[PDB]
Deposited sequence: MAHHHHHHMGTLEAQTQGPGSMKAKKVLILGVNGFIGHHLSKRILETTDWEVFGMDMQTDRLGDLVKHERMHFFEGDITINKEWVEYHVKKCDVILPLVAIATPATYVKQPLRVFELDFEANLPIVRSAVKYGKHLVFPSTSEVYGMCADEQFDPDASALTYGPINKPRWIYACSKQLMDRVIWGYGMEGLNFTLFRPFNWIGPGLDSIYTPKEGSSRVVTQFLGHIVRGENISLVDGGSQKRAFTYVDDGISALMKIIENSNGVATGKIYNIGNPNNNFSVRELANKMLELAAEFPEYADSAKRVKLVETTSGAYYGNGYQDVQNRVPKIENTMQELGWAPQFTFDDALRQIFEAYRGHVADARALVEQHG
């Protein structure tokens, strides 16, 4: 009777944050697949948490089985390191596109709700003051700029999923804009996750989104009250936290003193999900320092 949520790549930034919220705030069962459990801590001991081992490129039977068993499908496995797009464009395509296509097709076959991570980068060099999921044009560079294979792969997957939507697939696309929070993803981790630049730590701006706001929108998508999220595409970002790299540096140091254009349009996200981001840039970063104080070891790695 309880809703079953399938998270592929659950040891990630998103997976462990989403699992926590689910276990703590609902009666849903979590089916979570990954290779390691190091980001989950105590979640795995929870009686509605069901971790299992597998890789989407290898455990095809075990993955398909859980797609049939579950109600809502989150395939979160994906290469999302900008350095890899340039150096090994083919690895990006093989994992983010080719390895995920069967999982999409299983969600179709078994009539499930596919909640898929598109990308904030899908807009590319779009010039709109606000990136509109229903309206903005999508602009990439020429073929001889291979970094664009990431955006192009994600866009094609969006259109393939949209195509299946035209034939009856219940899907929601979401595009996270620079989610940040405790438990940041490791630079080389194969998951849609956290903002790289913030871990590492100049006038390029981006919209930073505290993870709790991101997760809240996701919960509403999974709950899908009245089927409102079906067929829809949502930017999940805080456009009020549009800060430059210099500003990030300066605020992070000003915050560390206490302890011893790519703007997402989110109108449809707010209205349709009854959602609004609560965390200011300042709140967001304060939260990350409060969290990592003990674990200086986990920070470096």
Counting from 1 along the deposited sequence, which stretches lack C-alpha positions?
-> 1 to 22, 224 to 238, 298 to 325, 367 to 372
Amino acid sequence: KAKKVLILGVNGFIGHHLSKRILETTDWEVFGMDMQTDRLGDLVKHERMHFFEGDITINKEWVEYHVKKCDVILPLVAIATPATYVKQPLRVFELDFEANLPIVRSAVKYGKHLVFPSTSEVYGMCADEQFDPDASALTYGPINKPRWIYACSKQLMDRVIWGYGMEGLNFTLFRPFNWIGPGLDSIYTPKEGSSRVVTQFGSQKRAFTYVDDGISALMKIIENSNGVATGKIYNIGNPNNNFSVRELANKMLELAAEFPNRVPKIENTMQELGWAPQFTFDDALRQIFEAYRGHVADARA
From here on, numbers count along this sequence of modelled residues.
Could you check which stretch, 180 to 188 or 133 to 141, carries the larger mean CA temperature factor in the entry?
-> 180 to 188
Quick note on 237 to 245 and 62 to 70: per-entry mean CA temperature factor is higher in 237 to 245
Choose from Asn261, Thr26, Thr57, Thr269 the residue with the greatest Cα B-factor as stated in the PDB record.
-> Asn261
Which of these, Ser203, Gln155, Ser120, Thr209, has its C-alpha atom at the highest B-factor, as the entry lists it?
-> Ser203
By the entry's values, the third containing the CA B factor of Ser216 is the middle
Against its chain's modelled residues, does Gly111's Cα B factor rank lowest, middle or highest third?
-> lowest
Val30 - which third its CA temperature factor falls in, relative to the rest of the chain = middle
Sorting the chain's modelled residues by C-alpha B-factor, tell me whether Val198 ends up in the lowest, middle or highest third.
-> highest
Looking at the C-alpha B-factor of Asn100, is it in the lowest, middle or highest third of its chain?
-> lowest
